[PDB]
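First, one chain by itself: the form solved without the partner chain, in structure tokens.
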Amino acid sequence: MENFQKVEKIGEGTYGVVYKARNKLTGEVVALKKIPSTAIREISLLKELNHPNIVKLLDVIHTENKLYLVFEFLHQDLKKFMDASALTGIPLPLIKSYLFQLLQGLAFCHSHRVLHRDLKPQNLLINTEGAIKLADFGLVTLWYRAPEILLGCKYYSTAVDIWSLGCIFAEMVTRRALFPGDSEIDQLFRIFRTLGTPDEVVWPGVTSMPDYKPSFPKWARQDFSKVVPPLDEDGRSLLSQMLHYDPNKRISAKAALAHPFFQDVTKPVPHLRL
């Protein structure tokens, strides 16, 4: 574990801190994350979760009670890429490519019973070849948190990842966060103000959730054409199904891959300034 020379700190992960590093032994350049015991097992589980759109976990080093995770390294994250494309916007075909690749990754994970649980632009990594990859699966930003989590569901599903990805999809298109709440309640109310306060008609069981309160103000659902213009109907339709309140109504990654929005998907390459 002293076979790694640090080159720079590329992130302050929720869990710990992430470093760009190089293996003195195998010379490869990597991302090193400086982090109980079921941890060692579950994380270890993640090593065999290998897919082109999932950052590979290379090595797990437990030592000196200082768990080190060694990941494949990518030079840029989507957050920085969005900020750099803010003035011109990311071209739709690249938005579409990225969404499609991300859905492929999730459908893979989800098929193996792994959730990400904390998808955010910072956790999506891109390379020069037009690839995008899911990073840093969880075992401050609440902007991408699905409403069932905010309402106190402890046994949430793979649908929470579809929620987050839809929020990111929206942000790529409009160049502004869909629901930038700065508290849990603010986050929930921003969602309600836009998609309308949910009730038993559109979400059976919602008024029985642990943090649901009858006193929640009741907002009407906003015009969906108002939310992500000027995205086309293929796009809006896929996004609406990604943002269904009811987790069991929310589209699955696998079905999303079949939506007509991806009829003409291609794989462009971003112009990256590393």
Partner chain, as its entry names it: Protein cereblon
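Positions refer to the first chain, counted from 1.
Although it is not shown, the form deposited with the partner chain bound is what the next lines describe.
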Any chance 206, 239 and 244 all have a heavy atom within 4.5 Å of the partner chain in the deposited complex? no
In the deposited complex, does residue 14 come within 4.5 Å of the partner chain, counting heavy atoms only? yes
I'd like to know whether residue 121 contacts the partner chain in the deposited complex, with contact meaning heavy atoms within 4.5 angstroms. yes
According to a 4.5 angstroms non-hydrogen atom cut-off, is residue 144 in contact with the partner chain in the deposited complex? yes
Residue-level question: is residue 269 within 4.5 Å of the partner chain in the deposited complex, judged on heavy atoms? no
Since the partner is left out here, which residues of 228-266 would have a heavy atom within 4.5 Å of the partner chain in the deposited complex? none
